[PDB]
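Colleague: Below is one structure. I have some questions about it.
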């Protein structure tokens, strides 16, 4: 159970490995399902030009 | 650190230690720096300059 | 007919959140054997051969 | 020749033989590589240089 | 996933880093099992509860 940059043991905590341990990128999981308009859910949709 | 093997650190160490062992033999034979008691003489002992 | 033995568990097994190169804890379980033996229930009823 | 061993369950003294500081490579999550070689040297007359 | 290793050869500390108490599994005819799992967690906004 050791410091980062300990003199005898190599760890992923150590500053010498900076930039080799890059996270994977992912979707915005904290976004809710996208807000459609509520009037369009109750009013009648019709053909238009 | 073994699971990730960042920058091939584990392969690189196995090359650097071999050079450290070659340098240790040269320094022991020329300058007698840390030589074992079983080595008989080193070149820096000469009384000629 | 011999009965049954049940090894009832009673131990608080445990685990800990741990950093890289930290020391892991040591743990132990606990038990108590319980046993079940069958018993008879029985009755007789009687009538004339007629 | 130069020789290598790897272990995940030996125990190492991080201190000195006179002043121990043991670490289990298994109870902490560690792996160690051990490297060893063997040389002999004689210089017959160090005043010949 | 949840992972298991078993050893008859390790040495364990039964105390702590501040007050060691080692036992050799191999000299005492003991066996040990090491259990490990790995997880990540994030709460976006703790003020939401």
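Readers should treat all values here as calculations from the given coordinates under stated rules, not as data from a laboratory. Quick reminder, even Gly has a Cβ in these numbers, built from the backbone with ideal geometry, and neighbours come from all protein chains shown.
Colleague: Being more than 7 Å from every other protein chain (Cβ to nearest Cβ), farther than 22 Å from residue B:12 by Cα and in contact (Cβ under 8 Å) with a residue 12 or more places away in the chain is the filter here; which residues of region D:8-49 pass it?
Modeller: D:10, D:12, D:23
Colleague: What's the total number of residues in region B:1-13 that are on the phi < 0 side of the Ramachandran plot and exposed (fewer than 15 other Cβ atoms within 10 Å of the Cβ)?
Modeller: 6
Colleague: Then there's this: Within region D:16-42, work out how many residues are surrounded by 14 or more Cβ atoms within 10 Å (Cβ to Cβ) and assigned to a loop (DSSP other than H, G, I, E, B).
Modeller: 8
Colleague: Can you tell me which residue is farthest from the chain's Cα centre (by Cα) among those in region B:1-26 that are away from chain A (no Cβ under 14 Å) and farther than 13 Å from residue D:39 by Cα?
Modeller: So in region B:1-26, the residues away from chain A (no Cβ under 14 Å) come out as B:15, B:18-26.
Still in the list and also farther than 13 Å from residue D:39 by Cα: B:15, B:18-20.
On the way: B:15: 12, B:18: 8, B:19: 6, B:20: 4 Å.
Looking at the filtered set, the residue picked out is B:15.
Colleague: Looking at (1) without any contact (Cβ under 8 Å) to a residue 24 or more places away in the chain; (2) more than 11 Å from chain B (Cβ to nearest Cβ); (3) not in a loop (DSSP other than H, G, I, E, B), which is the only condition residue D:5 fails?
Modeller: (1)
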